[PDB]
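Working notes, beginning with the structure itself.
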Amino acid sequence: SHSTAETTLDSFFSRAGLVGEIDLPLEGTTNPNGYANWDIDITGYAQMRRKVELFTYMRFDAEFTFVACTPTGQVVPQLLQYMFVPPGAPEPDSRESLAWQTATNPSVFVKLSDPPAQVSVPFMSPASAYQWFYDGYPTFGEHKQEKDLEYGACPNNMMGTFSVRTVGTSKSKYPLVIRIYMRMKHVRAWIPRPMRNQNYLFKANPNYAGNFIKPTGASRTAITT
Amino acid sequence: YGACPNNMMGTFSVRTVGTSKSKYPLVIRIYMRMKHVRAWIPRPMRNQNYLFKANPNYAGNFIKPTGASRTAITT
Amino acid sequence: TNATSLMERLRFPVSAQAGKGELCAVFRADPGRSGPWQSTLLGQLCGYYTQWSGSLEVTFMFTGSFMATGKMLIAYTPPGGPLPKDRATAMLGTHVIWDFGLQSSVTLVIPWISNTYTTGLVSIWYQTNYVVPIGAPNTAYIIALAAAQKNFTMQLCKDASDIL
Amino acid sequence: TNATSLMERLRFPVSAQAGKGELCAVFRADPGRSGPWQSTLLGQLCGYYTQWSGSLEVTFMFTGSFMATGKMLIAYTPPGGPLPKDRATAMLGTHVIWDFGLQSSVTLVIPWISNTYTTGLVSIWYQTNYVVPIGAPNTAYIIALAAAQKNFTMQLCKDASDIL
Amino acid sequence: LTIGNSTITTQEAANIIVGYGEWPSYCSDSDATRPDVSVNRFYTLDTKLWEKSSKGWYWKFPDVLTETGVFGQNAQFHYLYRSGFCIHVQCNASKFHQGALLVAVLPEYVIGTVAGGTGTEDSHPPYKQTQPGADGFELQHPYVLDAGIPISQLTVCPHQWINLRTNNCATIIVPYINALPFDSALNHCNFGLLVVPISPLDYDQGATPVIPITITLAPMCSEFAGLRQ
Amino acid sequence: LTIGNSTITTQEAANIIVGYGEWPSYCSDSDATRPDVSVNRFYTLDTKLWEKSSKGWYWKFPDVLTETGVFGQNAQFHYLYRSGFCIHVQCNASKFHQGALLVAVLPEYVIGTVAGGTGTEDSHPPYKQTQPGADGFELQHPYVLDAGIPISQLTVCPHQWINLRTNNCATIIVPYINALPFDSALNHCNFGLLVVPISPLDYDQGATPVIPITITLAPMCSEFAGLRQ
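Respectively, the protein sequence lines represent chains A, A', C, C', B and B'. A prime marks a further copy of an entry chain.
Residue numbers for the first sequence follow the deposited numbering, beginning at 72 and rising by one.
Residue numbers for the second sequence follow the deposited numbering, beginning at 222 and rising by one.
Numbered by the deposited numbering, the letters in the third sequence go through residues 60 to 175, 189 to 236 in order.
Numbered by the deposited numbering, the letters in the fourth sequence go through residues 60 to 175, 189 to 236 in order.
Numbered by the deposited numbering, the letters in the fifth sequence go through residues 16 to 47, 54 to 250 in order.
Numbered by the deposited numbering, the letters in the sixth sequence go through residues 16 to 47, 54 to 250 in order.
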């Protein structure tokens, strides 16, 4: 190109990348009740985690799409509805839980011929910026005489979860595969942090291995080029 | 000589979405046309058929574009 | 047509042995029809189109010897009419005098306009045989070149390639 | 490469035992190619891109002893040309005088521009061996730092991570 | 022209043609010493043997001048080079000579070697076939120029015709034309010189069978530039 | 000084001496091309071993620079050369170092070889004795400088004294001084550089026994001129 507008941050970061596949087979052990809940984890996938770990505090809007298909790539005439449960409302546990009755979520009637719907949620986190690791004591008291399990815990930081279920009284007779594509639109940098060099071992803690490695050792000697 | 590991424009990746193998045979067709055309460096338009696509090499037995005119006298 | 004589295709000779004869009749100005026309860039251009109408001029630049002299005559025949039978038959129609000392005076003059083979051709005839004195060669070469005028246009585009 | 020597990676020493020799040749300024470049933040930045063109400067700040004196010489080699054979070979090209009393006078001077290995490298050579008097240590450490100029840009973005 | 000790006479009443009528311009991007005392003297290339059986000559620029001449030895220092070329072709014939020479310049003229057999399998050109030095090589079949390029289509590029009748010499000014102002010097072939006669040389017995043809060049815009590497 | 990409720091609060305070002038008699892009870079001569037993070094100008350096290779083309010289001598010593170096420039310094025996019968100097290249040769007896010239009389010519106490470096500008403006380049010896210490280097055990001394030069007036022969 010649114009510098094509080479801006919007085109640099605008890319719908795979985040995960939702496994809802005809029969199985993981979700035999005909529905599943997927928590939105940005640290779960390595490359998007490596992208977001360059910064700490930021502000963006979230748009979600549910691409569902069979393992053979064909579509079936089954009625499906995508409903999001707010964090305040508890996650549904049974097929007949009252969490399915949230009135705040409008519904749209379409068919699989219509391409997947687009849903957008703004930044509704109680804090001003994202924080996955919480340094400090969640308890705001002087209690330090017991076993403080709260160190690193944050029962307030959940952003909610998605509830995709088979609409209807009859069980679905088709196996399905669901794919979800994510990208960030509005990016701003507030507090820079060094970009990670050593591989993480766990997602919920910053712990590392006892045997550190070197990024590269191709250069045998400084003399040779 | 003649190699260019930098000149690839990329490639397309069309695949069957899903864990299960597709049970149908498919045929894909692609249609191309150029919209914005500008001329910068003209070259003569080729008369002799090419033999290979990656080299400008030709055959050792050249031919004539047309020999319909038997004699210059006859029209 | 043989491969053993493809080198002299580019140029053609003129001979002094011919006297008051006829060298060659330039083929009908049809960029579409096969022959010398398709070898030209303009012919390759028009090979992708269907119709073409216009008036053509054929320019000749003289390349005889320094002391060579003579008069050469160019004449055009209107479409429909057949090839002139003799040099006199060519002379009795439209005629243009070409002198060897003046190179570019040639211009396109139309024979006649009517109010209504398929197309006519231009022919060259030997008015005077090529003459050189003692010590000069009796043969030479002549070059033919054609160009496009402003009135040359096409109206319809269509993708049609015969080769390959 | 062993884990038993990973602590001194951060800094490198200079020795007075070397006399009129050559310490090290700075590798080609390629943020994409593996090595010391990828360990840098700029190298990690350019690891997600494809092309990069620009002129680089390598700054050195002197950290010898207080009474230490001498002259150290920096020279750059144009791309295409091979590594200079000797200190004289480095001197016969573009050369920059570096004094130990002046720290930041270093500037980027281009050898020559032409009108048309793959890229050239900058090298350092020992003009004068490091000398200290009696009672002073004979070794020291030097720090190398690099930065980005205004003419450093990328045109195409593409998601390509090699690690992990 | 009178500049210093140089004193030559040429004809200024000829057809001086310039490619598209545009002098080269300077670049102003950031992607990254003109001696003309003993280098400005006119250089005369070795005379070619213009004869009846002569088929033509070709030369790669500036490939043949990388090391052979003084231009070669002062280009051996600077990594890049760019300058204008002064085409100097003259015709010296008597009242009994005949012929017609066609001279043109073709940017990016690709060379093609011989490849026989039913199966297309080509190797890479060797050193002598890529650059034969000052010896040159006579075209075996100029009708397609030993490269699959027929003569009928050479007119598509800016050209001129040589008729020895009125002129005694021809001078052509070709500017430094290139797609990228910053380019390699010893790698990319800017253009080449092709001299293909149309009318073969003709003369009666008794005259000189070979005509001395002279090619002279001069740097119109001497600019080595570049950096020492 | 900031000219292009060059950025160096020197001391301008020293004793800058110029020979007789007169720049060279141009000749206007009849008895009978300045690239500074890749030639203007500062050249650092190989460091000499300043040591207690060091006796001194001598160099013939421009004899040692006829072929050795880039000045040599671009003087191999022009038959004549003339330019100014930038003397660059610096002292790098600690609080425990002592010494005093005397540096002077002597126009037309004749070299004298060894000649023993009762009868005076001398031969001609050979190639290595006339020019030893960059290797040099240490003076055996500098008290008369291996040439019958005692040190007491070297002060008669324009000189300066080096006391390392206050200065850190010394820069001397010597103009192009010669009796004939038109003279041979590879034949006549314009002058030579002599470095004769007066106070030998002194230091207690534990410090560096050799001090790196740097000599740098730059063409103040680059003028090749001449003619190609």
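Just so you know, even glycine gets a beta-carbon here, dropped at the ideal spot from N, CA and C.
Chain A' contact for residue i (CB, 8 Å cutoff)
| i | result |
| --- | --- |
| residue 101 of chain C | no |
| residue 226 of chain B | no |
| residue 48 of chain B | It's not possible to place residue 48 of chain B here, given that chain B moves directly from 47 to 54. |
8 Å Cβ shell around residue i - same chain, five flanking residues per side excluded
| i | result |
| --- | --- |
| residue 182 of chain A | 148 |
| residue 70 of chain B' | 231 |
| residue 190 of chain B | 25, 26, 29, 109, 110, 111 and 112 |
Whether residue i touches residue j by CB criterion (8 Å)
| i | j | result |
| --- | --- | --- |
| residue 117 of chain A | residue 94 of chain C' | no |
| residue 200 of chain C | residue 129 of chain C | yes |
| residue 154 of chain C' | residue 63 of chain B' | yes |
| residue 70 of chain C | residue 196 of chain C | no |
| residue 280 of chain A | residue 272 of chain A | yes |
| residue 164 of chain C' | residue 23 of chain B' | yes |
| residue 79 of chain B | residue 169 of chain B | no |
| residue 84 of chain C | residue 167 of chain C | no |
| residue 225 of chain A | residue 239 of chain A' | no |
| residue 226 of chain B' | residue 133 of chain C' | no |
Sequence-distant residues of its chain with Cβ nearer than 7 Å to residue i (five each side left out)
| i | result |
| --- | --- |
| residue 51 of chain B' | Absent here is residue 51 of chain B', because the residues of chain B' run from 47 on to 54 with nothing modelled in between. |
| residue 84 of chain B' | 152 and 210 |
Pick from the options that is closest to residue i, judged by C-alpha positions
| i | options | result |
| --- | --- | --- |
| residue 37 of chain B | B:194, B:110 and B:219 | B:194 |
| residue 108 of chain B | B:210, B:30 and B:248 | B:30 |
| residue 153 of chain A | A:245, A:287, A:178 and A:124 | A:178 |
| residue 233 of chain B | B:60, B:150, B:75 and B:104 | B:75 |
| residue 222 of chain A' | B:23, B:131 and B:27 | B:131 |
| residue 95 of chain B | B:60, B:127 and B:192 | B:60 |
| residue 133 of chain A | A:190, A:260, A:293 and A:233 | A:190 |
| residue 21 of chain B' | C':158, C':143, C':67 and C':189 | C':158 |
| residue 223 of chain B' | B':46, B':79, B':115 and B':32 | B':115 |
| residue 122 of chain B | B:197, B:217 and B:248 | B:217 |
| residue 131 of chain A | A:292, A:256 and A:267 | A:256 |
Alpha-carbon to alpha-carbon, residue j and residue i
| i | j | result |
| --- | --- | --- |
| residue 236 of chain B | residue 101 of chain C | 34 Å |
| residue 97 of chain A | residue 170 of chain A | 24 Å |
| residue 75 of chain C' | residue 100 of chain B | 37 Å |
| residue 286 of chain A' | residue 63 of chain C | 16 Å |
| residue 248 of chain A' | residue 235 of chain A' | 12 Å |
| residue 163 of chain A | residue 156 of chain A | 9 Å |
| residue 135 of chain C | residue 194 of chain C | 5 Å |
| residue 211 of chain B' | residue 179 of chain B' | 16 Å |
| residue 152 of chain C' | residue 265 of chain A' | 45 Å |
| residue 238 of chain B' | residue 67 of chain B' | 12 Å |
| residue 253 of chain A' | residue 233 of chain C | 18 Å |
| residue 276 of chain A | residue 196 of chain A | 21 Å |
| residue 138 of chain C' | residue 219 of chain B | 46 Å |
Residues near residue i by beta carbon distance below 6 Å, same chain, minus five either side
| i | result |
| --- | --- |
| residue 167 of chain B' | 160 and 161 |
| residue 145 of chain B' | none |
Neighbour flag for residue i against chain A, beta carbons, 8 Å
| i | result |
| --- | --- |
| residue 256 of chain A' | no |
Below-8 Å beta-carbon distance, residue i vs any chain B residue
| i | result |
| --- | --- |
| residue 152 of chain C' | yes |
| residue 136 of chain C' | yes |
| residue 175 of chain C' | yes |
| residue 209 of chain C | yes |
| residue 126 of chain C | yes |
Short CB-CB distance (under 8 Å) between residue i and chain C'
| i | result |
| --- | --- |
| residue 259 of chain A | no |
| residue 87 of chain B' | no |
| residue 75 of chain B' | no |
| residue 55 of chain B | no |
Residue i Cβ short of 7 Å to the ligand SAH heavy atom set
| i | result |
| --- | --- |
| residue 167 of chain A | What this structure holds is no ligand at all, so the ligand SAH is not there to describe. |
Neighbour flag for residue i against chain C, beta carbons, 8 Å
| i | result |
| --- | --- |
| residue 116 of chain B | yes |
Checklist entry - Quick one, which residues of the stretch 138-151 of chain A are near chain D if we go by CB-CB under 7 Å, in chain order? => result The structure shown contains no chain D; its protein chains are A, A', C, C', B and B'.
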